[PDB]
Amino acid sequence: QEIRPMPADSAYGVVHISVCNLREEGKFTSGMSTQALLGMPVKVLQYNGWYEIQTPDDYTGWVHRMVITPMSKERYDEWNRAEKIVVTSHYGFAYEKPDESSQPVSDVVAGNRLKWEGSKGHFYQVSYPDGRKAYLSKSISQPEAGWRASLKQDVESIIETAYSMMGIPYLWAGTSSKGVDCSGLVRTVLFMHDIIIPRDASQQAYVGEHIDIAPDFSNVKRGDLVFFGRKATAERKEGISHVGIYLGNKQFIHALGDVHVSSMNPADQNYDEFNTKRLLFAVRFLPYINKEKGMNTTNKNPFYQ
């Protein structure tokens, strides 16, 4: 077909697999551009055999027909209003029975959110956007209201979550615990703390407070983002090629090959000469969550309300 825009009964959707793969065009032979998660609300923009969708970070891309559940605004609103079970562990499964030896229904990853239906033993009974029923261990998940109540969004808590992803593979366009790109590591960590910021490194580079890094690095702080790339010239604007999370003491955690810690101190064993020489600036963003457009929490984000 070529349906654009979508009819009202199919203008909205919810992702119903653990991690779905958005591509630049509606075909497998197009590059992946981002990913969305189980239970995540989306807008459905058009259909040509694949759906073009918009995720809550305003990013757009294309997914196969079978991986989202399209729906009316009314049904989308019902999904969003139901208290969720929030997956907090990186990896696990949901099961047919309250027993991890039973038939799985699907994998889950951190940030996956399913409708809470009940509880049985050491499990939450849950349902998927498509109507599947399952059980999730209380050891890898928890009810959304209590999750929010206990949620920490300080820099140290955020860095701990980044450290929990040590060695996970780099994957281009990767935006989940399964695999991450440079900007996707940032997003995957933040989403585990209920925070959404822009998807691409080139957009993350212009959020919050710009920090012109001092020669001694004294004005860059743990929790800032550090950006790398091609410096602006008279004839050409700057190009952002890479991002990491600053750790203090010239160290930073990032996704390149895998998630790892590097240094900008030439004396350190983990010195990353290539990126250090391409260092551009830092950004301090955490103070401005819900204070500028494009940076928000899911309790405030308009896709969720």
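Position 1 is the first residue in the sequence shown; the rest follow in order.
When the mean C-alpha temperature factors of 199-207 and 106-114 are read from the deposited coordinates, 199-207 comes out higher.
The stretch with the higher mean CA B factor, choosing between 55-63 and 274-282, is 274-282. Annotation for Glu78, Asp224, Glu160, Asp194: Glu78 ranks highest, by Cα B-factor. Within the group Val87, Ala214, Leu171, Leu185, the record's highest C-alpha temperature factor is found at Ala214. When the CA B factors of the chain's modelled residues are split into thirds, the value for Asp130 lands in the middle one. Among the modelled residues of its chain, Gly244 has a C-alpha B-factor that falls in the lowest third according to the deposited record. Among the modelled residues of its chain, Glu100 has a C-alpha B-factor that falls in the highest third, as given in the PDB entry. Ranked by Cα temperature factor within the chain, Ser119 sits in the highest third according to the deposited record. When all modelled residues of the chain are sorted by CA temperature factor, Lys178 is found within the lowest third.
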